[PDB]
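Below is one structure, written out as structure tokens; the observations come after it.
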Amino acid sequence: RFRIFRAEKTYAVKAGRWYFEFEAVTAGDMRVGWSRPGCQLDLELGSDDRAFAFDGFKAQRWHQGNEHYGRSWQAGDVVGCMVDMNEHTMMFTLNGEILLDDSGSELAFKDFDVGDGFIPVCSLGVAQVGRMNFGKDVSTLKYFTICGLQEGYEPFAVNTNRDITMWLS
Ligand SMILES: [K+]
């Protein structure tokens with residue numbers, strides 16, 4: 001079966017600009033993007049409203065269906081995943097280069113509802129190897145300084161270092 005990896009749902013982002021990387025170690029059937037929290041992702045990623053995904057196998061963008069977008073990865077390529085939760089846009093880079101849809105737009109997805117926010121997600125097909133890097137050690141990100149850093153995006157790990165919550169009785 002397919003393996004779905006997702007950030008812990010308690011770390012979903014509802015504002016700000018966020019970045020993570022996905023290394024396609026193999027070059028086959030994998031998808032990577034942003035998932036709504038607490039939803040069940042038993043379907044193919046982004047076939048419904050539960051996620052927004054880049055399919056680097058077939059060069060498609062997936063949200064409530066598919067359209068051509070970007071280009072396919074080669075083994076060892078790194079996808080950068082960016083979400084601006086205030087402008088309601090998502091962008092992807094492949095080895096630092098911004099991917100475009102057929103209209104020439106860099107907005108992979110736009111005008112989406114914030115809802116309960118988003119967490120990084122990826123799906124790996126049979127025998128596929130793909131690694132999400134949230135950048136806890138920012139120096140392990142490969143393309144953040146090329147595209148992401150100057151644009152004001154924060155590594156997703158910045159939102160996951162806190163492990164304590166507080167409330168008033
Ligand atoms: K943590």
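Going by the structure tokens order, chains are called A, B, ..., each with residues numbered from 1, while ligands are numbered from 1 in the order shown.
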
Practice item. All residues within 8 Å of ligand 1 are required, counting only C-alpha atoms and all ligand atoms; please report them as an MDAnalysis selection string. Key: chainID A and resid 160:163

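Residues with any atom within 9 Å of residue 61 (chain A), counting only C-alpha atoms and excluding same-chain neighbours fewer than 6 positions away, are residues 46, 52, 53, 54, 55, 67, 68, 69, 70, 101, 108 and 109 of chain A.
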
Filtering to N, CA and C atoms, could you give me those residues as a short mmCIF file (atom, residue, chain, number, x, y, z; two decimals), in the first residue's frame?
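And here is the file that came out, result.cif:
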```
data_model
loop_
_atom_site.label_atom_id
_atom_site.label_comp_id
_atom_site.auth_asym_id
_atom_site.auth_seq_id
_atom_site.Cartn_x
_atom_site.Cartn_y
_atom_site.Cartn_z
N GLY A 46 -4.63 14.91 -2.79
CA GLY A 46 -5.14 16.02 -3.57
C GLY A 46 -6.23 15.66 -4.55
N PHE A 52 -3.51 19.60 -0.96
CA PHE A 52 -3.06 20.32 -2.13
C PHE A 52 -1.66 19.79 -2.40
N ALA A 53 -1.46 19.14 -3.54
CA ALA A 53 -0.23 18.37 -3.70
C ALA A 53 0.39 18.60 -5.07
N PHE A 54 1.72 18.53 -5.09
CA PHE A 54 2.50 18.43 -6.31
C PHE A 54 2.85 16.97 -6.57
N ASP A 55 2.56 16.50 -7.78
CA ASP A 55 2.86 15.15 -8.22
C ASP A 55 4.05 15.31 -9.15
N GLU A 67 -4.22 18.91 -12.87
CA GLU A 67 -3.87 19.64 -14.08
C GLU A 67 -2.36 19.60 -14.21
N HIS A 68 -1.87 19.78 -15.44
CA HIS A 68 -0.43 19.80 -15.64
C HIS A 68 0.17 21.02 -14.95
N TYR A 69 1.36 20.82 -14.37
CA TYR A 69 2.02 21.89 -13.64
C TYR A 69 3.47 21.49 -13.42
N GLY A 70 4.38 22.43 -13.66
CA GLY A 70 5.79 22.18 -13.37
C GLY A 70 6.40 21.17 -14.32
N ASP A 101 2.41 26.92 -13.92
CA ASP A 101 1.33 26.24 -14.63
C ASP A 101 1.34 26.66 -16.10
N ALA A 108 0.76 27.79 -7.71
CA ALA A 108 0.29 26.43 -7.90
C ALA A 108 -1.17 26.32 -7.49
N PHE A 109 -1.52 26.90 -6.35
CA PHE A 109 -2.89 26.99 -5.89
C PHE A 109 -3.09 28.37 -5.32
#
```

Do you have, as a tab-separated table, the list of residues of region 103-166 of chain A lying at most 7 Å from region 1-7 of chain A, each with its nearest atom pair and that distance in Å to one decimal, counting only C-alpha atoms and ordered by chain then number?
```
residue	atom	partner	partner_atom	distance
A:119	CA	A:7	CA	5.7
A:120	CA	A:7	CA	5.6
A:121	CA	A:6	CA	4.4
A:122	CA	A:5	CA	5.4
A:123	CA	A:4	CA	4.5
A:124	CA	A:3	CA	5.2
A:125	CA	A:2	CA	4.9
A:126	CA	A:2	CA	6.3
```

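With only C-alpha atoms as the atoms that count, the minimum distance from residue 159 (chain A) to the choices A:130, A:16, A:115, A:56 is reached by A:16.
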
Report as a PDB file with N, CA and C atoms, in the first residue's frame all protein, DNA and RNA residues lying within 12 Å of residue 149 (chain A), evaluated on only C-alpha atoms, omitting residues in the same chain fewer than 2 positions from it.
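And here's around.pdb as it stands now:
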```pdb
ATOM      1  N   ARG A  17       3.832  32.505   6.450  1.00  0.00           N
ATOM      2  CA  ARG A  17       4.439  31.954   5.240  1.00  0.00           C
ATOM      3  C   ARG A  17       5.418  30.848   5.622  1.00  0.00           C
ATOM      4  N   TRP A  18       5.204  29.643   5.081  1.00  0.00           N
ATOM      5  CA  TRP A  18       5.879  28.454   5.573  1.00  0.00           C
ATOM      6  C   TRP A  18       6.491  27.641   4.443  1.00  0.00           C
ATOM      7  N   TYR A  19       7.599  26.974   4.767  1.00  0.00           N
ATOM      8  CA  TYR A  19       8.438  26.286   3.797  1.00  0.00           C
ATOM      9  C   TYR A  19       8.877  24.935   4.344  1.00  0.00           C
ATOM     10  N   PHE A  20       8.851  23.915   3.488  1.00  0.00           N
ATOM     11  CA  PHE A  20       9.582  22.690   3.778  1.00  0.00           C
ATOM     12  C   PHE A  20      10.079  22.108   2.470  1.00  0.00           C
ATOM     13  N   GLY A  80      10.814  22.316  -3.102  1.00  0.00           N
ATOM     14  CA  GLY A  80      10.494  23.273  -2.052  1.00  0.00           C
ATOM     15  C   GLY A  80       9.010  23.554  -2.073  1.00  0.00           C
ATOM     16  N   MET A  82       6.000  25.889  -0.525  1.00  0.00           N
ATOM     17  CA  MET A  82       5.739  27.176   0.110  1.00  0.00           C
ATOM     18  C   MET A  82       4.241  27.402   0.194  1.00  0.00           C
ATOM     19  N   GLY A  96      15.156  24.618  -6.533  1.00  0.00           N
ATOM     20  CA  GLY A  96      15.242  26.052  -6.394  1.00  0.00           C
ATOM     21  C   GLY A  96      14.525  26.861  -7.453  1.00  0.00           C
ATOM     22  N   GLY A 135      13.381  21.425   8.268  1.00  0.00           N
ATOM     23  CA  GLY A 135      14.403  22.419   8.523  1.00  0.00           C
ATOM     24  C   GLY A 135      14.690  22.727   9.971  1.00  0.00           C
ATOM     25  N   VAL A 138      18.266  24.449   9.918  1.00  0.00           N
ATOM     26  CA  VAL A 138      18.015  25.161   8.667  1.00  0.00           C
ATOM     27  C   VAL A 138      19.135  24.922   7.660  1.00  0.00           C
ATOM     28  N   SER A 139      20.350  24.638   8.141  1.00  0.00           N
ATOM     29  CA  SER A 139      21.469  24.388   7.240  1.00  0.00           C
ATOM     30  C   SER A 139      21.301  23.104   6.436  1.00  0.00           C
ATOM     31  N   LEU A 141      18.488  22.412   4.863  1.00  0.00           N
ATOM     32  CA  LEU A 141      17.696  22.751   3.691  1.00  0.00           C
ATOM     33  C   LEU A 141      18.633  23.102   2.548  1.00  0.00           C
ATOM     34  N   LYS A 142      18.299  22.633   1.351  1.00  0.00           N
ATOM     35  CA  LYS A 142      19.205  22.771   0.219  1.00  0.00           C
ATOM     36  C   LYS A 142      18.899  23.978  -0.652  1.00  0.00           C
ATOM     37  N   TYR A 143      17.626  24.373  -0.771  1.00  0.00           N
ATOM     38  CA  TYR A 143      17.229  25.425  -1.707  1.00  0.00           C
ATOM     39  C   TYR A 143      16.512  26.592  -1.041  1.00  0.00           C
ATOM     40  N   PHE A 144      16.448  26.596   0.289  1.00  0.00           N
ATOM     41  CA  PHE A 144      15.745  27.643   1.024  1.00  0.00           C
ATOM     42  C   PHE A 144      16.373  29.007   0.770  1.00  0.00           C
ATOM     43  N   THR A 145      17.707  29.084   0.796  1.00  0.00           N
ATOM     44  CA  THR A 145      18.365  30.361   0.539  1.00  0.00           C
ATOM     45  C   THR A 145      18.219  30.807  -0.910  1.00  0.00           C
ATOM     46  N   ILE A 146      18.006  29.871  -1.839  1.00  0.00           N
ATOM     47  CA  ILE A 146      17.805  30.228  -3.239  1.00  0.00           C
ATOM     48  C   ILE A 146      16.413  30.805  -3.451  1.00  0.00           C
ATOM     49  N   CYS A 147      15.398  30.151  -2.890  1.00  0.00           N
ATOM     50  CA  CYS A 147      14.026  30.615  -3.046  1.00  0.00           C
ATOM     51  C   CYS A 147      13.259  30.196  -1.802  1.00  0.00           C
ATOM     52  N   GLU A 151      12.072  35.603   0.359  1.00  0.00           N
ATOM     53  CA  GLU A 151      10.645  35.805   0.166  1.00  0.00           C
ATOM     54  C   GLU A 151       9.862  35.822   1.473  1.00  0.00           C
ATOM     55  N   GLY A 152      10.522  35.611   2.609  1.00  0.00           N
ATOM     56  CA  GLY A 152       9.883  35.717   3.904  1.00  0.00           C
ATOM     57  C   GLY A 152       9.265  34.450   4.450  1.00  0.00           C
ATOM     58  N   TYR A 153       9.557  33.294   3.859  1.00  0.00           N
ATOM     59  CA  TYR A 153       9.010  32.031   4.334  1.00  0.00           C
ATOM     60  C   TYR A 153       9.866  31.491   5.472  1.00  0.00           C
ATOM     61  N   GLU A 154       9.198  30.840   6.446  1.00  0.00           N
ATOM     62  CA  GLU A 154       9.888  30.238   7.575  1.00  0.00           C
ATOM     63  C   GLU A 154       9.887  28.716   7.449  1.00  0.00           C
ATOM     64  N   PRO A 155      10.992  28.047   7.762  1.00  0.00           N
ATOM     65  CA  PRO A 155      10.977  26.582   7.796  1.00  0.00           C
ATOM     66  C   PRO A 155       9.904  26.070   8.744  1.00  0.00           C
TER      67      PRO A 155
END
```

**Study point:** Atomic separation - CA of residue 12 (chain A) relative to CA of residue 167 (chain A), Å
**Key:**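 Computing the Euclidean distance for CA of residue 167 (chain A) and CA of residue 12 (chain A) yields 18.6 Å.
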
Check your understanding: What gap, in Å, lies between CA of residue 48 (chain A) and CA of residue 63 (chain A)?
Key ->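 Separation of CA of residue 48 (chain A) and CA of residue 63 (chain A): 5.9 Å.
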
Practice item. Taking the chain letters and numbering used in this document, name the residues of region 9-156 of chain A that DSSP puts in strand (DSSP E), as a PyMOL selection string. Key: chain A and resi 17-24+30-35+51-55+60-62+66-68+78-84+89-94+97-98+109-110+119-124+130-133+154-155

Check your understanding: Could you pull the residues within 10 Å of residue 131 (chain A), counting only C-alpha atoms, minus those fewer than 4 positions along the same chain, as a PyMOL selection string?
Key -> chain A and resi 5+21-25+32+78+122+124

Residues as selected, C-alpha atoms, written as a PDB file, in the first residue's frame, can you do that?
```pdb
ATOM      1  CA  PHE A   5       3.640  10.923   6.141  1.00  0.00           C
ATOM      2  CA  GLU A  21      11.565  20.500   1.431  1.00  0.00           C
ATOM      3  CA  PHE A  22      10.899  17.070  -0.004  1.00  0.00           C
ATOM      4  CA  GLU A  23      13.819  15.059  -1.392  1.00  0.00           C
ATOM      5  CA  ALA A  24      12.742  12.646  -4.130  1.00  0.00           C
ATOM      6  CA  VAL A  25      15.327   9.921  -3.495  1.00  0.00           C
ATOM      7  CA  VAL A  32       3.979  16.252  -1.633  1.00  0.00           C
ATOM      8  CA  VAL A  78      14.483  18.530  -3.984  1.00  0.00           C
ATOM      9  CA  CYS A 122       3.617  13.431   1.404  1.00  0.00           C
ATOM     10  CA  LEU A 124       5.012   7.465  -1.245  1.00  0.00           C
TER      11      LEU A 124
END
```

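The spacing separating CA of residue 28 (chain A) from CA of residue 62 (chain A) amounts to 16.2 Å.
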
Point to revise | Exercise: residue 113 (chain A) partners within 12 Å, only C-alpha atoms, chain neighbours under 2 positions left out, as a ChimeraX atom specification | key: /A:14-15,36,49-52,84-89,109-111,115-118

Practice item. Mind checking which residues fall within 9 Å of residue 107 (chain A), counting only C-alpha atoms, ignoring those fewer than 4 positions away in the same chain, and posting them as number ranges by chain? Key: A: 89-92, 99-101

For the selection just defined, write its residues with N, CA and C atoms to a file, as a PDB file, in the first residue's frame.
```pdb
ATOM      1  N   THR A  89      -1.933  31.444  -1.133  1.00  0.00           N
ATOM      2  CA  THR A  89      -1.236  30.914  -2.293  1.00  0.00           C
ATOM      3  C   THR A  89      -0.292  29.813  -1.850  1.00  0.00           C
ATOM      4  N   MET A  90       0.004  28.930  -2.802  1.00  0.00           N
ATOM      5  CA  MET A  90       1.029  27.910  -2.666  1.00  0.00           C
ATOM      6  C   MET A  90       1.899  27.949  -3.909  1.00  0.00           C
ATOM      7  N   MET A  91       3.201  27.758  -3.697  1.00  0.00           N
ATOM      8  CA  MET A  91       4.192  27.661  -4.751  1.00  0.00           C
ATOM      9  C   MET A  91       5.066  26.450  -4.477  1.00  0.00           C
ATOM     10  N   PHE A  92       5.674  25.950  -5.536  1.00  0.00           N
ATOM     11  CA  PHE A  92       6.646  24.876  -5.445  1.00  0.00           C
ATOM     12  C   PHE A  92       7.864  25.239  -6.275  1.00  0.00           C
ATOM     13  N   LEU A  99       8.213  26.545 -10.158  1.00  0.00           N
ATOM     14  CA  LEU A  99       7.434  25.841 -11.168  1.00  0.00           C
ATOM     15  C   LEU A  99       6.214  26.658 -11.576  1.00  0.00           C
ATOM     16  N   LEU A 100       5.796  26.484 -12.825  1.00  0.00           N
ATOM     17  CA  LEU A 100       4.724  27.296 -13.377  1.00  0.00           C
ATOM     18  C   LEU A 100       3.634  26.409 -13.950  1.00  0.00           C
ATOM     19  N   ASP A 101       2.407  26.916 -13.922  1.00  0.00           N
ATOM     20  CA  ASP A 101       1.335  26.239 -14.627  1.00  0.00           C
ATOM     21  C   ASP A 101       1.339  26.658 -16.095  1.00  0.00           C
TER      22      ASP A 101
END
```

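Residue nearest residue 58 (chain A), chosen from A:156, A:112, A:73, A:11 and counting only C-alpha atoms: A:73.
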
Review point. Region 20-156 of chain A: which residues are helix (DSSP H, G or I) by DSSP, as a VMD selection string?
Key: chain A and resid 138 to 140 156
